[PDB]
Number of protein chains: 2
Amino acid sequence: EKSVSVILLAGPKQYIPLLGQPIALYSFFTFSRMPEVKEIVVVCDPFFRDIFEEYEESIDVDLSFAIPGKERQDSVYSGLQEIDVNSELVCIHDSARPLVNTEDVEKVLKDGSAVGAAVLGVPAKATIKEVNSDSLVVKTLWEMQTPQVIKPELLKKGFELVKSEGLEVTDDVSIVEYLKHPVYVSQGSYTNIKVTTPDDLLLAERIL
Amino acid sequence: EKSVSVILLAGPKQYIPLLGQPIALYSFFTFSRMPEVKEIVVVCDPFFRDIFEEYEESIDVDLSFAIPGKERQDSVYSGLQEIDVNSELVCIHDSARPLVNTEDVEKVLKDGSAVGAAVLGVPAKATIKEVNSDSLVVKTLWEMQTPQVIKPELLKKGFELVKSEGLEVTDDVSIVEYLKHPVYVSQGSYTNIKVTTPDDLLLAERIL
Ligand SMILES: Oc1c(Br)cccc1-c1[nH]c(Br)c(Br)c1Br
Ligand SMILES: Oc1c(Br)cccc1-c1[nH]c(Br)c(Br)c1Br
Ligand SMILES: [Cl-]
Ligand SMILES: [Cl-]
Ligand SMILES: [K+]
Ligand SMILES: [K+]
Ligand SMILES: [K+]
Ligand SMILES: [K+]
Ligand SMILES: [K+]
Ligand SMILES: [K+]
Ligand SMILES: [K+]
Ligand SMILES: [K+]
Ligand SMILES: [K+]
Ligand SMILES: [K+]
Ligand SMILES: [K+]
Ligand SMILES: [K+]
């Protein structure tokens, strides 16, 4: 209870409405109702701060703010600097995923608490193959969603490793791929889509 | 010119209409206009034969029919038994992909002709990871579409290998993954989606 800090990445496609609520608020509220969650650090341009501070008084979590950075890992680092000195888990979430279920968030929190690092994923429905640099097929795969859940010590150690050795963070060379510490994949729901198109937004409403 | 036989897998989500033409006819017509294409072998339940034989007289290819099998590889084998004794390439296509562009089909035909086996693919937009049997992340990926283009000798040799050794054909352990012969991945278009949902069908119309 009150052990988890959420870093909510909200820095424009995550403020466009879905039944008249900006997409970013769906997951915001889902996290605010979970007794495990102590605080939510929203990482957004100071413009849209009010979109969230409006509800500060009704929600049952502390709210905090951080400024976005250049790339997604900068924004996480920025959020991390504002979490509570004693939180046991950091829960990083892309606000463009509105439909994450409370039950799936409980699952990945539990797994992150057990393993140290966990991510919600689903089996990749497409036929996916590795291709080499000559465009030839190189003779089980999962799609990663968010939350991505990590103990704060591990995250901080991960940022230090990258800075200390000027490592390259690609989308698929994560910070955690550099650590030897294991990352668990918690099985989520195919309904936890990311919103980036109007046809995504039709799906969103079809699902709600 | 007239060197390619198409095996069109059409064996119900590929007959539902898209601007009032059953989905299966879009690619059927795309192939029928290409001078390279000699014949199209439609693999469908004898029910819907008429959906295609109606146009037999206007299209500029020979039309042939084969009966579906248990699994997708059975239906390809069934189609293969009806191709022309002298075709140089077999072009296998899922009729649930209506929007394949003529230019992308020309590309994968050329690559299959050069390499012996080619498939239209696109870089996988999701973050995809390998996961082991303990659900831990195992520390370039492409989504395969169709056509899948293969010289007929190679396909036949591939079917013989599987039967000869009772190998297991999963969706992702293809017949071609058993061969030592290389498979080229021709870069396609993200618009070459597969139709399986109404939201897919909204995308289809949004794209046309
Ligand atoms: O990708 C992760 C997985 Br998979 C599991 C736990 C944490 C992460 C993660 N996500 C981001 Br954005 C950062 Br920076 C980090 Br570390
Ligand atoms: O997957 C393929 C690639 Br990738 C490239 C060429 C041919 C194939 C293929 N597709 C199917 Br269905 C069969 Br049976 C075969 Br062999
Ligand atoms: Cl990411
Ligand atoms: Cl397949
Ligand atoms: K709470
Ligand atoms: K979602
Ligand atoms: K959201
Ligand atoms: K979910
Ligand atoms: K445990
Ligand atoms: K999308
Ligand atoms: K033709
Ligand atoms: K298509
Ligand atoms: K079609
Ligand atoms: K295409
Ligand atoms: K060549
Ligand atoms: K789909």
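Cβ coordinates were reconstructed from backbone atoms using ideal geometry, including for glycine residues, and neighbour counts include every protein chain displayed. Every read-out reported here was derived from the displayed coordinates using simple, explicitly stated rules and does not represent laboratory data.
A compact table of results
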{"read-out": "Selected residue (criterion: surrounded by the fewest Cβ atoms within 10 Å (Cβ to Cβ)) from residues of region B:180-203 that are more than 10 Å from chain A (Cβ to nearest Cβ) and among the small types (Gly, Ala, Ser)", "value": "B:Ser189"}
{"read-out": "Leading residue by the ranking (nearest to ligand 11 (Cβ to nearest atom)) among those in region A:83-97 that are among the small types (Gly, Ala, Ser) and away from every other protein chain (no Cβ under 14 Å)", "value": "A:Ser95"}
{"read-out": "Positions within region A:14-50 being more than 16 Å from the chain's Cα centre (by Cα) and within 19 Å of A:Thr196 (Cβ to Cβ), in sequence order", "value": "A:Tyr15, A:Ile16, A:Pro17, A:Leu18, A:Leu19, A:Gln21, A:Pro22, A:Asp45, A:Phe48"}
{"read-out": "Any chance A:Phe65 is more than 15 Å from the chain's Cα centre (by Cα), surrounded by fewer than 19 Cβ atoms within 10 Å (Cβ to Cβ) and assigned to a strand (DSSP E or B)", "value": "yes"}
{"read-out": "Count - residues of region B:119-143 that are within 7 Å of another protein chain (Cβ to nearest Cβ) and over 16 Å from the mean Cα position of the chain (by Cα)", "value": "14"}
{"read-out": "Candidates A:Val195, A:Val169, A:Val122, A:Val173 - the one that is of a type in the set (A, V, I, L, M, F, W, C) and in a strand (DSSP E or B)", "value": "A:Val122"}
{"read-out": "Filter result for B:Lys163 (of a type in the set (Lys, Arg) and within 16 Å of ligand 4 (Cβ to nearest atom))", "value": "no"}
{"read-out": "Test: residue in region B:98-118 that is basic (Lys, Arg), touching a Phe, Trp or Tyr at 6+ places or on another chain (Cβ under 7 Å) and either at the interface with chain A (Cβ under 10 Å from one of its Cβ atoms) or buried (at least 16 other Cβ atoms within 10 Å of the Cβ) (or both)", "value": "no"}
{"read-out": "Top-ranked residue in region B:176-192 [being outside any loop (DSSP other than H, G, I, E, B) and within 15 Å of B:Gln73 (Cβ to Cβ); ranked as farthest from the chain's Cα centre (by Cα)]", "value": "B:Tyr178"}
{"read-out": "Condition check for B:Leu109: more than 16 Å from ligand 5 (Cβ to nearest atom), assigned to a helix (DSSP H, G or I) and in contact with a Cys (Cβ under 9 Å, 6 or more places away or on another chain)", "value": "yes"}
{"read-out": "Test result for A:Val169, in contact with a helix residue (DSSP H, G or I) (Cβ under 6 Å, 6 or more places away or on another chain) and either within 16 Å of ligand 1 (Cβ to nearest atom) or acidic (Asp, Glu) (or both)", "value": "yes"}
{"read-out": "Tally, over region B:12-59, of residues that are in contact with a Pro (Cβ under 8 Å, 6 or more places away or on another chain) and not hydrophobic (A, V, I, L, M, F, W, C)", "value": "5"}
{"read-out": "Of residues in region B:2-13 being more than 19 Å from B:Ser78 (Cα to Cα) and more than 16 Å from ligand 15 (Cβ to nearest atom), the one farthest from the other protein chains (Cβ to nearest Cβ)", "value": "B:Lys2"}
{"read-out": "Meets criteria (more than 30 Å from A:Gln145 (Cβ to Cβ) and touching a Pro at 6+ places or on another chain (Cβ under 9 Å)) for B:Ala114", "value": "no"}
